[PDB]
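Asks:
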Amino acid sequence: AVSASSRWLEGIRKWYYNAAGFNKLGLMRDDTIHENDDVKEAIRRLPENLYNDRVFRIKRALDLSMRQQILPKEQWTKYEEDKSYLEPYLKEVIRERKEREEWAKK
Amino acid sequence: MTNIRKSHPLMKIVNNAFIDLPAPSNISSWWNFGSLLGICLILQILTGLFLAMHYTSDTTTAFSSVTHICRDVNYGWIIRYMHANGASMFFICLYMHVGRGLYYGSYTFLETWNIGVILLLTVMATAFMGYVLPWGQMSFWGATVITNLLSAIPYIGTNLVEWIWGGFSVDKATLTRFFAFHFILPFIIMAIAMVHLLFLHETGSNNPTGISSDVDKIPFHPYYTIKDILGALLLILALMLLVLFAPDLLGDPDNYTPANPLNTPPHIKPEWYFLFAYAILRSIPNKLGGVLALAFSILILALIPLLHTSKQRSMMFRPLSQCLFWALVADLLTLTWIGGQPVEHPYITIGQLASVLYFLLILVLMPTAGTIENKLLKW
Amino acid sequence: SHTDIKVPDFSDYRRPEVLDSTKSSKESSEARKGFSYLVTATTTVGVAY
Amino acid sequence: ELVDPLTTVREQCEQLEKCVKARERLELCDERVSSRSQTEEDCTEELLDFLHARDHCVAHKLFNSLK
Amino acid sequence: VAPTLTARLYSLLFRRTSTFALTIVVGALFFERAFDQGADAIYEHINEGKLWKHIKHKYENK
Amino acid sequence: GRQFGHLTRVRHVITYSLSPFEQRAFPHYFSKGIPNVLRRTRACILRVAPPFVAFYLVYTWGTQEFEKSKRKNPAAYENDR
Amino acid sequence: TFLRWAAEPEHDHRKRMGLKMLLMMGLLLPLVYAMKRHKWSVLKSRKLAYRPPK
Ligand code: HEM
Ligand code: HEM
Ligand code: FES
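Taken in order, these protein sequences are the chains called L, W, G, R, X, U and Z. So for the first sequence, our numbering puts the first residue at 235; every next one is plus one. So for the second sequence, our numbering puts the first residue at 44; every next one is plus one. So for the third sequence, our numbering puts the first residue at 127; every next one is plus one. So for the fourth sequence, our numbering puts the first residue at 65; every next one is plus one. So for the fifth sequence, our numbering puts the first residue at 1360; every next one is plus one. So for the sixth sequence, our numbering puts the first residue at 22; every next one is plus one. So for the seventh sequence, our numbering puts the first residue at 65; every next one is plus one.
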């Protein structure tokens, strides 16, 4: 039972989202993810348009960290805009194996 | 591969485990230790050798000999301290190499981690015996209990202790044995290192961001070699200053008196890193149950990789984890000073206070952290 | 297309000797490099001692 | 003879307040002891207190005063 | 206009790596003979009459 | 596998760099660097210090707590009895 | 002093190199650090351009 507090939830979200530097390096949430098996084949199913763009920002990112410069704040990522592009692919790989995992139980 | 001089002995093609081993771009001076660790060790072997050259292990001899070393032996004063003080440096070199692993979650590599685990356990006893070798007052009494400690086994311990003794007491053969052990033992480690390393070549090193580095690599030789060279050179003074101007600082053991089984020291402590365990050791009144903890203390390191709780490896992006991380740091250092205290009532409480905290930090807090944070970013 | 590319300026990190656009870079190039090596060699004398 | 620099430097610091200040405590102890010394009481604990800062002053001075 | 010794030096020495290597030992030799000779004075300048070098003259060969 | 060849696949990136001689070892290392030192030092010092406080507190806290507890035998029980 | 020296006959000598090393010491550190930077110079001077024809 949360309505106004729901609205109150997002601040710390936005706050916590702003408490992690990768926002300030121009990253997103998805590329942050630690690898996994589902992660792997998920990568396969991406179109390049994202994929390449996924690449460059990363490559862009790393370089900056070499030189200890943080992106000029104007250009920091924005809590309003987060791209979930990973997960709609992710649920597939998660799903299907759960079957095999289960359908092979019995 | 036409006329490459690195083919002719194939051995040089094994060499390209280095010079073309690629590495990510961004690497902190945090990473310079793995290098140093091996280097801190090389020196050990040598100095730890030349000692023996004038050293004699005998109940009557060893002390007077070691006395004689800094006396009549050319530079017997530099060398002994090069050995001992150089030992100390190897520690703090080592822990950071650990600390890096955690704080970025480099432990994610399971086996390589485990090798480090065993690798760690090894090193301690070395120094331990190495510390008994002086046959000083403390060295006698220090091992005396620490060995007597193990008697808490309900059944098989009774024989087994005197067995490792080879006697009813600390007497001669119990010395001599250690010498061999303490002597051979590093070579074993050096071998193990080549295993520990080996897996790493499989998957390569990680980067501070906790992100796949695949897209960007570096030829190892022109660069990280250099930062190591300097990094190596960093070590020099660190020992040089201490070892030369003010020897006795971390030479905290005060006992140059012949070991006296009749006399007992009013204060009994191992040296520092030996204390923080021994601090926990002091805590529990139960003899057996206490030892059980001390064992369990370290080994949970290997457990930690079961605790990967989040979708991002490194802690640089998790404040709370980082908050937690630094929190634990102190809890140890306290115990250090605590174990550096006589067992008066606040300390008594204090250890009891700080003890359960320690695991609690690990065993409860840290896993739940990302769980929230995973949920927080809506991951 | 491809040719739309261009070189942005690195003059910053440079030092002034060849910084000019109209100069033969070779003028200092002799004296220019030797500074870099003179360091390198002198570093070694110490190591040797 | 020579009287030493010490005894002199002894006096210069004991001249300081906290010296005589706690020196009272010695007597505050002592006198009470003198009647009550049957009981465990001893002024040694305070003597050290008395002497502690006392020679902390005496520290710098006489080492110069000596040869 | 004359070349700064730098422009001389590489052309003279640093060009051929052997020479570049050769000089290294050369100065290093003269270096230490002068170098250590200086610090000890500075050293013994700092400690005066604390050392037999100064002290022992009081009683040395009577 | 073969380390430099096959790792990733990447297209339409461009890179530019100079001879190390072409440039300086300290392009305003002092002036321009000092701010960069400062700015990031606070991001940590937020999350770094707070525990270090706690020990030193407790360190002295217990220290005093230790002292008087020990130091003075005729403290609570004075030497009348 | 007498005993204090007795336990440390090496002492008054051991500072010689102690001095001697420090004089030597400041020389090397920057040189490397420079050459370090000198090599690294090309690294931290990189410039990326992402120009997918895309
Ligand atoms: C990881 C490398 C080493 C460790 C942890 C180690 C441990 C120690 C320690 C802690 C001491 C006490 C130093 C002192 O009391 O001044 C010591 C002394 C000694 N160690 Fe080792 N040592 C190492 C290398 C070696 C090696 C390779 C040898 C044999 C070749 C060796 C043989 C000795 C000897 C002969 C002493 C006698 C000096 C003494 O005990 O005081 N050490 N060792
Ligand atoms: C004498 C003890 C040790 C030596 C000589 C040693 C040596 C090394 C060296 C040279 C490296 C490569 C440098 C690097 O990967 O950063 C390395 C990597 C590593 N070591 Fe060990 N290490 C020691 C202890 C340990 C311990 C106790 C652990 C863990 C329990 C450990 C775990 C690792 C890990 C995880 C890496 C790879 C870290 C990464 O790539 O991010 N090491 N070690
Ligand atoms: S058994 Fe001797 S002190 Fe605990």
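Idealized CB from N, CA, C, for every residue including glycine.
Should L:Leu305 and L:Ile267 be called a contact, given that it needs their Cβ atoms to be closer than 8 Å?
Replies: No; because the gap between Cβ atoms is not below 8 Å, this pair is not in contact.
Asks: From the beta carbon of U:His27, is the nearest beta carbon of chain Z less than 8 Å away?
Replies: It does not; no Cβ of chain Z falls within 8 Å.
Asks: Tell me whether the stretch 127-143 of chain G and the stretch 29-45 of chain U touch, counting them as touching only if at least three CB pairs, one residue from each stretch, are closer than 8 Å.
Replies: Yes: at least three Cβ pairs fall under 8 Å.
Asks: Quick check: what's the CA-CA separation for G:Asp138 versus W:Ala373?
Replies: Taking the straight line from one Cα to the other gives about 44 Å.
Asks: Z:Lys111 lies in the beta strand (DSSP E); which residues open and close that run?
Replies: Segment 111-114, the beta strand (DSSP E) holding Z:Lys111.
Asks: If I follow the unbroken beta strand (DSSP E) through U:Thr36, where does it start and stop?
Replies: Note, U:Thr36: beta strand (DSSP E), 34-37.
Asks: Cβ of W:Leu293 within 8 Å of Cβ of W:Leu285?
Replies: Yes, Cβ-Cβ distance for W:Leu293 and W:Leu285 is below 8 Å.
Asks: Buried or exposed for W:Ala289, please, with buried defined as at least 16 other CB atoms from any protein chain shown within 10 angstroms of its CB.
Replies: Label assigned to W:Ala289: exposed.
Asks: Check whether the Cβ of residue 444 of chain W lies closer than 7 Å to any heavy atom of ligand 2, and answer yes or no.
Replies: Nothing about residue 444 of chain W can be read from this structure; chain W reaches only from 44 to 422.
Asks: Would you identify the three-state DSSP class for W:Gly179, choosing helix, strand or coil?
Replies: Correct three-state label for W:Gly179: strand.
Asks: To the nearest angstrom, how far is it from the Cα of W:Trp208 to the Cα of L:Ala253?
Replies: One C-alpha to the other measures close to 58 Å.
Asks: Just by C-beta distance, which residues in the stretch 80-105 of chain Z are closer than 8 Å to chain W?
Replies: Going along the stretch 80-105 of chain Z in chain order, one finds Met81, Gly82, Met85, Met89, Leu92, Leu93, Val96, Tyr97, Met99, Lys100, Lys103, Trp104 with a Cβ nearer than 8 Å to chain W.
Asks: According to the neighbour-count rule (16 or more other Cβ atoms, all chains shown, within 10 Å of its Cβ), is R:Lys85 buried or exposed?
Replies: Burial call: exposed.
Asks: DSSP on W:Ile70, reduced to helix/strand/coil?
Replies: Coil.
Asks: Considering only C-alpha positions, which residue in the set Z:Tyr114, Z:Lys100, Z:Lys118, Z:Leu92 is nearest to W:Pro265?
Replies: Cα-wise, what sits closest to W:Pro265 is Z:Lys100.
Asks: Can you name the start and end residues of the alpha helix (DSSP H) that L:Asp271 belongs to?
Replies: Looking at the DSSP string, the run of the alpha helix (DSSP H) that includes L:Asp271 is 271-278.
Asks: Is U:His49 near ligand 2 - that is, is its Cβ less than 7 Å away from at least one heavy atom of it?
Replies: Every heavy atom of ligand 2 is 7 Å or more from the Cβ of U:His49, so no.
Asks: State yes or no: is the C-beta of W:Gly210 nearer than 7 Å to some heavy atom of ligand 1?
Replies: Not so, every heavy atom of ligand 1 lies at least 7 Å from the Cβ.
Asks: Mind checking which residues open and close the alpha helix (DSSP H) that includes W:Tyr198?
Replies: Here W:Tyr198 belongs to no alpha helix (DSSP H), and DSSP marks it neither H nor E.
Asks: Could you tell me if the beta carbon of W:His225 falls within a distance shorter than 7 Å of some heavy atom in ligand 1?
Replies: Result yes, Cβ under 7 Å from ligand 1.
Asks: Considering only the alpha carbon of each residue, which of W:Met181, W:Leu84, W:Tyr147, W:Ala338 lies closest to W:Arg361?
Replies: Ranking the options by Cα distance to W:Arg361, first place goes to W:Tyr147.
Asks: Please determine whether the Cβ atom of W:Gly159 lies at a distance below 7 Å from any heavy atom of ligand 1.
Replies: No - ligand 1 has no heavy atom lying nearer than 7 Å to the Cβ of W:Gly159.
Asks: Would you call W:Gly332 buried or exposed, if buried means 16 or more other Cβ atoms sit within 10 Å of its Cβ?
Replies: So W:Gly332 ends up on the exposed side.
Asks: Could you spell out where the alpha helix (DSSP H) holding W:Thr246 opens and where it closes?
Replies: 215-246 is the span of the alpha helix (DSSP H), which, as asked, contains W:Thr246.
Asks: Which bits of chain X does G:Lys149 rub up against, with CB to CB less than 8 Å?
Replies: Those within 8 Å of G:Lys149 in chain X number zero; the least Cβ separation is about 14 Å.
Asks: Cutting at 7 Å between CB atoms, please list the residues of its own chain near W:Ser357, excluding the five before and the five after it.
Replies: Closer than 7 Å at the Cβ level, and outside the excluded window around W:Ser357, lie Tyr147, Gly148, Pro251, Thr252, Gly253.
Asks: For L:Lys293, go through chain Z and note every residue whose CB falls closer than 9 Å to its CB, in chain order.
Replies: Those are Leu112, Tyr114, listed as they occur along chain Z.
Asks: How is W:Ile261 classed by DSSP in three states: helix, strand or coil?
Replies: Looking at W:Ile261 - three-state DSSP - the assignment turns out to be strand.
Asks: Check whether the stretch 74-90 of chain R and the stretch 106-121 of chain R are in contact - that is, three or more C-beta pairs closer than 8 Å.
Replies: The stretch 74-90 of chain R is in contact with the stretch 106-121 of chain R.
Asks: If you measure from the beta carbon of L:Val289 to each beta carbon in chain U, is any gap under 8 Å?
Replies: Cβ-Cβ to chain U under 8 Å: yes for L:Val289.
Asks: Following the continuous alpha helix (DSSP H) through G:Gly160, name the residue where it begins and the one where it ends.
Replies: Note, G:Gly160: alpha helix (DSSP H), 152-174.
Asks: Ligand 1 and W:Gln87: does any heavy atom of the ligand fall closer than 7 Å to the residue's C-beta?
Replies: For ligand 1, at least one heavy atom lies less than 7 Å from the Cβ of W:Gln87.
Asks: Against chain G, which members of the stretch 34-55 of chain U pass a CB distance test of less than 8 Å?
Replies: Cβ contacts with chain G: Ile35, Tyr37, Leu39, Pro41, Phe42, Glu43, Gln44, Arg45, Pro48.
Asks: Mapping the DSSP letters down to three states, classify Z:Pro117 as helix, strand or coil.
Replies: Looking at Z:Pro117 - three-state DSSP - the assignment turns out to be coil, as it is neither helix nor strand.
Asks: Taking only heavy atoms of ligand 4 into account, decide whether any of them is closer than 7 Å to the Cβ of W:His140.
Replies: Ligand 4 is absent from the structure shown, which contains only ligand 1, ligand 2 and ligand 3.
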